[PDB]
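Protein sequence lines, in the order shown, are assigned to chains A and B. If you count by full-length UniProt numbering, then the first sequence holds residues 3 to 133, 141 to 269, 287 to 412, one letter each, in order. If you count by full-length UniProt numbering, then the second sequence holds residues 3 to 133, 139 to 270, 287 to 413, one letter each, in order. Contents: one structure, followed by commentary.
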Amino acid sequence: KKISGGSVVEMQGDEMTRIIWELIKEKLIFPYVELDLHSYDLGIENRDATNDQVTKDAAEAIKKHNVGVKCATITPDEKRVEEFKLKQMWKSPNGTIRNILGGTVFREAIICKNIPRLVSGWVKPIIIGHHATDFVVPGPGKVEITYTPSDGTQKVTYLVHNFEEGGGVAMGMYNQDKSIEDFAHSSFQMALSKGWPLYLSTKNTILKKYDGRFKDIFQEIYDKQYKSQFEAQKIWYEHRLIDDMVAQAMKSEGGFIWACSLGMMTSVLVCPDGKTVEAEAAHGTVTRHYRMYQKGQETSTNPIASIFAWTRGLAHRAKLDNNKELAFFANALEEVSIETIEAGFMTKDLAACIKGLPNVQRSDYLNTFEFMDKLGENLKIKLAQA
Amino acid sequence: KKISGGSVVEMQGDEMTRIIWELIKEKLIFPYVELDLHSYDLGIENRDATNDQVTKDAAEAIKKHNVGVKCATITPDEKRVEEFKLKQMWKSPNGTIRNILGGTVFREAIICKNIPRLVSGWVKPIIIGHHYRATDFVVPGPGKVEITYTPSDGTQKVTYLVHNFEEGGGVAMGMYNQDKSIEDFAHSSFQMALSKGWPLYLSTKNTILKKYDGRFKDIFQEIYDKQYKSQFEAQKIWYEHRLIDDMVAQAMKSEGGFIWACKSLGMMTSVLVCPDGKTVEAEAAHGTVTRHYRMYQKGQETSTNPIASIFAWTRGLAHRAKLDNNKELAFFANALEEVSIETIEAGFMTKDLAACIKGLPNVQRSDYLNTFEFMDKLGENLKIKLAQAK
Ligand SMILES: NC(=O)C1=CN([C@@H]2O[C@H](COP(=O)(O)OP(=O)(O)OC[C@H]3O[C@@H](n4cnc5c(N)ncnc54)[C@H](OP(=O)(O)O)[C@@H]3O)[C@@H](O)[C@H]2O)C=CC1
Ligand SMILES: NC(=O)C1=CN([C@@H]2O[C@H](COP(=O)(O)OP(=O)(O)OC[C@H]3O[C@@H](n4cnc5c(N)ncnc54)[C@H](OP(=O)(O)O)[C@@H]3O)[C@@H](O)[C@H]2O)C=CC1
Ligand SMILES: CN1C(=O)/C(=C\c2ccc(=O)[nH]c2)NC1=S
């Protein structure tokens with residue numbers, strides 16, 4: 003009577019998102035889906051309690067089971083250490099996981115037809131994917154950067170700058186071909202999965218050789234694994250330059266992968299091998315909202331990013347398992363969310379995008395529990411019907 | 003009769019901006035201001051003709067007279083060489099001038115109330131300083152990339168491994184920065200904050216590049232304490248280093264009204296600020312507007328935006344005034360800046376602004392004036408505004 007989801011690593015979070023997260027599982031996921039769930043408590047007091055072990059433990063779990071969905075979690079500073087009496091200034095969980103998993107991060111804003119987009123439109127969303142020794146130079150003299158190949162066949166030495174002025178500062182950066190390659194695979198697969206064109210954008214004219222190598226190693230992997238599958242879906246890859254991008258793009262239908287309100291932005295880390303994926307929101311814990319919540323005040327916090335974390339995650343578990351039932355479900359919910367907002371029912375943040383904050387009458391939007399309630403109602407219906 | 007302006011270095015540019023600059027002069031400056039005008043014609047023909055000499059001179063002039071106003075100039079490339087049979091693909095004027103005067107470039111966007119902004123929280127303006140010359144090359148296969156510092160005083164050289172490539176090849180690059188260059192950045196930066204009475208913010212990835220951005224933060228504080236804290240507190244402003252992630256946070260959540268030191288185009292104003300805090304060069308941040316200019320050539324109606332260009336004149340003129348204690352000029356410059364904003368805030372604008380409000384597809388002709396009409400309306404409100412302050 004319920005769907006078999008399968009293996010999902012979930013990660014609990016902090017403050018206001020910890021609440022929405024629970025609200026989602028309760029009203030939107032568990033009433034409908036059975037999962038073999040590898041839950042990991044990543045909330046600040048638990049991370050401290052276990053010496054950030056829970057984090058490493060979770061990351062390994064995702065590596066194992068391919069699918070991870072993550073609630074937003076407190077990264078620590080002074081005030082935090084002071085607040086929870088933390089033993090240490092724990093390294094961002096995103097950082098720790100990203101480190102054990104690799105891959106490249108894709109960021110997509112969810113588009114609602116009644117919600118202002120920067121460009122008037124933009125019917126379909128653009129999907130953005132983003133991609141050293143430094144020292145002091147006491148006084149004058151040459152800083153040269155020099156390359157000797159393994160076989161000692163040559164030696165190239167380029168001068169970085171000659172200091173006759175005084176001292177300064179200097180640095181050296183590198184980048185292996187492998188990493189560029191992983192960036193490419195991920196970039197093309199992303200374009201495949203979402204059946205959309207891919208673009209690349211570089212300096213290329215300034216940092217010629219560096220950004221050149223990117224142009225190249227993309228082309229090559231395209232022309233030897235992807236030129237084929239791509240046109241098998243009437244969909245291209247192409248290069249371009251940053252300002253010529255923003256050119257034909259800020260006058261575009263939108264809806265392509267481009268390689269280089288917060289409640290609506292969705293990040294996803296897509297690993298090299300295409301099989302492993304972690305989804306989360308792009309926003310934080312929404313502390314301001316949670317302080318209010320604590321104070322007994324009413325809140326209007328956008329659960330969409332967090333929802334899409336779930337769906338995109340579930341979507342990818344379905345894909346892997348070859349699970350048409352589940353696949354349908356994830357999609358069905360992604361629909362209901364956009365549907366419900368387009369229907370006019372929405373949280374305060376969205377309402378502000380439409381009317382501007384000074385203009386928002388309480389009856390223009392719904393509070394956190396009201397909006398979550400409404401999606402619950404609309405999901406229940408939409409599923410009952412089709 | 004007219005206000006005595008003083009020494010001002012004028013540079014004339016190309017294409018649409020050339021047409022507009024002549025209108026700004028004719029209609030808005032000259033009628034009210036006499037000026038000891040060192041003009042230099044930075045047209046492309048003339049730059050060609052004189053063997054980019056006129057450029058150099060203009061820079062040298064600005065050096066000597068402290069105040070410049072630049073019209074947008076063509077930067078050549080292959081296509082341009084053909085169009086103009088150029089003797090040579092001459093370097094970017096700004097490039098030439100900036101490498102003679104030094105200092106720090108500063109963009110401020112001009113904000114009208116009726117113009118959908120980037121963030122509606124930004125009710126007051128945000129001014130951004132930016133600091139290029141990095142050597143980069145391709146590792147074809149395995150080997151070591153090392154970066155070596157040999158002191159000029161004969162002390163043992165110092166070698167850092169940048170990466171030892173075993174599995175494959177890749178890319179590499181050195182980057183550098185002189186103390187002088189950073190000192191300059193800091194000064195220019197504190198100069199401009201005091202100038203504009205707004206507070207100053209430096210951002211870095213200092214945590215991540217301990218030594219490289221470490222130097223900046225330091226050099227900035229060390230300069231800030233040694234000679235600006237006094238003047239800063241004695242004006243209710245402050246300096247402060249921050250990290251980029253904190254810095255965009257506070258920015259996106261702010262009221263605007265601050266200068267930030269960082270390591287629509289007809290409303291963007293570029294200002295080169297020399298460290299001495301005595302020389303300034305003003306210019307619109309946009310280019311020569313060929314697209315519009317070729318429309319103008321073929322007899323068609325244009326609606327190009329003069330504000331950017333006008334503010335070149337006004338910061339230049341304003342700085343001149345401030346230098347010379349010219350209370351009369353000072354007023355005028357402001358008076359004109361306001362009239363600008365005002366006129367647009369009154370509905371009278373160019374097509375590009377009209378499309379900021381009504382959406383590019385929904386822009387009807389009656390929403391906006393064309394270049395020449397709008398330029399007149401500026402002329403009209405200026406006269407009127409000026410007549411009122413008397
Ligand atoms: N683990 C993770 O993935 C991340 C964690 N964080 C953590 O978040 C904590 C504090 O977050 P902070 O950086 O202050 O800001 P957040 O990114 O948490 O959100 C700050 C502001 O953005 C708006 N906002 C963001 N998300 C939503 C939403 N879903 N619905 C409605 N409004 C939203 C609200 O604006 P308004 O005030 O106008 O209502 C909110 O006050 C920090 O401790 C940080 O470490 C941050 C980012 C990612
Ligand atoms: N000397 C200088 O400081 C600079 C010079 N240039 C030079 O300009 C030439 C061509 O410039 P280009 O690349 O077209 O860049 P431009 O800055 O001239 O502008 C390109 C587009 O931006 C919009 N735009 C810019 N300024 C205005 C304005 N004042 N009013 C209305 N719309 C505006 C127009 O778009 P739309 O067509 O949609 O109206 C315009 O076609 C080159 O040779 C280049 O080197 C460029 C930048 C700076
Ligand atoms: C405005 N502008 C430039 O500055 C430019 C190139 C440049 C500038 C300074 C320098 O030191 N080297 C190169 N081209 C255009 S247009």
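Just so it is clear, CB atoms sit at the ideal spot from N, CA and C, and this is done for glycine as well.
What residue does the alpha helix (DSSP H) around residue i start on, and which one ends it?
| i | result |
| --- | --- |
| residue 402 of chain B | 394-411 |
| residue 322 of chain A | Per DSSP, residue 322 of chain A belongs to no alpha helix (DSSP H) and is neither H nor E. |
| residue 21 of chain B | 17-26 |
| residue 203 of chain B | 186-203 |
| residue 131 of chain A | No alpha helix (DSSP H) holds residue 131 of chain A; the beta strand (DSSP E) holding it covers 129-132. |
| residue 109 of chain A | Taken as a continuous stretch (DSSP letters only), residue 109 of chain A belongs to no alpha helix (DSSP H), being part of the beta strand (DSSP E) at 106-111. |
| residue 251 of chain A | 251-258 |
| residue 226 of chain B | 219-234 |
From what residue to what residue does the beta strand (DSSP E) around residue i run?
| i | result |
| --- | --- |
| residue 43 of chain A | 35-43 |
| residue 267 of chain B | 265-269 |
| residue 261 of chain A | Run containing residue 261 of chain A: none; DSSP gives neither H nor E here. |
| residue 32 of chain B | Premise fails: residue 32 of chain B is in no beta strand (DSSP E) and is neither H nor E. |
| residue 143 of chain A | 142-144 |
| residue 125 of chain B | Element bounds for residue 125 of chain B: n/a, residue is neither H nor E. |
| residue 293 of chain A | 291-296 |
Say yes only if the C-beta of residue i is nearer than 7 angstroms to one or more non-hydrogen atoms of ligand 2, and no if none qualify.
| i | result |
| --- | --- |
| residue 339 of chain A | no |
| residue 375 of chain B | yes |
| residue 331 of chain B | yes |
| residue 358 of chain A | no |
| residue 142 of chain A | no |
| residue 344 of chain A | no |
| residue 328 of chain B | yes |
When you measure from the CB of residue i to every non-hydrogen atom of ligand 1, does any distance come out below 7 angstroms?
| i | result |
| --- | --- |
| residue 262 of chain B | no |
| residue 289 of chain A | yes |
| residue 314 of chain A | yes |
| residue 310 of chain A | yes |
| residue 24 of chain A | no |
| residue 84 of chain B | no |
What do you get for residue i, buried or exposed, if any count of 16 or more other CB atoms within 10 angstroms of its CB means buried?
| i | result |
| --- | --- |
| residue 63 of chain B | buried |
| residue 299 of chain A | exposed |
| residue 317 of chain A | exposed |
| residue 25 of chain A | buried |
| residue 93 of chain A | exposed |
| residue 73 of chain B | buried |
| residue 383 of chain B | exposed |
| residue 133 of chain A | exposed |
| residue 102 of chain A | exposed |
| residue 30 of chain A | buried |
| residue 241 of chain A | exposed |
| residue 136 of chain B | No coordinates are present for residue 136 of chain B, because the numbering of chain B runs from 133 directly to 139. |
| residue 220 of chain A | buried |
| residue 139 of chain B | exposed |
| residue 111 of chain A | buried |
Between residue i and ligand 3, is the CB less than 7 angstroms from at least one heavy atom?
| i | result |
| --- | --- |
| residue 393 of chain B | no |
| residue 77 of chain B | yes |
| residue 184 of chain B | no |
| residue 97 of chain B | yes |
| residue 101 of chain B | yes |
message: In chain order, what are the residue ranges of uninterrupted alpha helix (DSSP H) at least 4 long that sit wholly in the segment 299-386 of chain A?
response: Runs of the alpha helix (DSSP H) inside the segment 299-386 of chain A: 313-321, 330-347, 350-368 and 374-381.
- request: Pick out the complete beta strand (DSSP E) segments inside the segment 50-100 of chain B, 3 residues or longer, and give them in chain order.
  value: Counting whole runs of 3 or more residues, the segment 50-100 of chain B contains the beta strand (DSSP E) stretches 69-72.
query: Any residues in the segment 76-98 of chain A with a beta carbon nearer than 8 angstroms to a beta carbon of chain B? Which ones, in chain order?
result: Listed by position, the residues of the segment 76-98 of chain A near chain B (Cβ gap below 8 angstroms) amount to none.
field: Selection of the segment 176-209 of chain B by Cβ proximity to chain A, strictly under 7 angstroms
entry: Residues of the segment 176-209 of chain B whose Cβ lies closer than 7 angstroms to any Cβ of chain A, in chain order: 176, 177, 178, 179, 180, 181, 182, 183, 184, 185, 186 and 187.
task: Can you give me, in chain order, the residues of the segment 235-254 of chain B that have a beta carbon less than 7 angstroms from any beta carbon in chain A?
output: Those residues of the segment 235-254 of chain B that come within reach of chain A (Cβ to Cβ, closer than 7 angstroms) do not exist; the list is empty.
- prompt: For the segment 216-234 of chain A, which residues have a CB atom closer than 8 angstroms to at least one CB atom of chain B, in sequence order?
  reply: The segment 216-234 of chain A vs chain B, Cβ under 8 angstroms: 216, 217, 218, 219, 221 and 222.
task: Give, in chain order, every unbroken run of the beta strand (DSSP E) that is at least 3 residues long and sits entirely within the segment 149-174 of chain A.
output: Segments of the beta strand (DSSP E) lying fully in the segment 149-174 of chain A: 150-158 and 165-172.
query: Given a limit of 9 angstroms on CB to CB distance, which residues of the segment 363-382 of chain B reach chain A?
result: Within the segment 363-382 of chain B, the qualifying residues are 382.
The segment 41-69 of chain B: positions lying closer than 8 angstroms to chain A by Cβ: If the cut-off is 8 angstroms between Cβ atoms, the segment 41-69 of chain B has nothing near chain A.
- prompt: Of the residues that make up the segment 106-128 of chain A, which ones have a beta carbon closer than 7 angstroms to any beta carbon in chain B?
  reply: Look at the segment 106-128 of chain A: the residues with a C-beta under 7 angstroms from a C-beta of chain B are 122.
task: Identify each residue in the segment 141-159 of chain A for which the Cβ-Cβ distance to at least one residue of chain B is less than 9 angstroms, and report them in chain order.
output: Per Cβ criterion, the list reads 141, 142, 143, 144, 145, 146, 147, 148, 149, 150, 151, 152, 153, 154, 155, 156, 157, 158 and 159.
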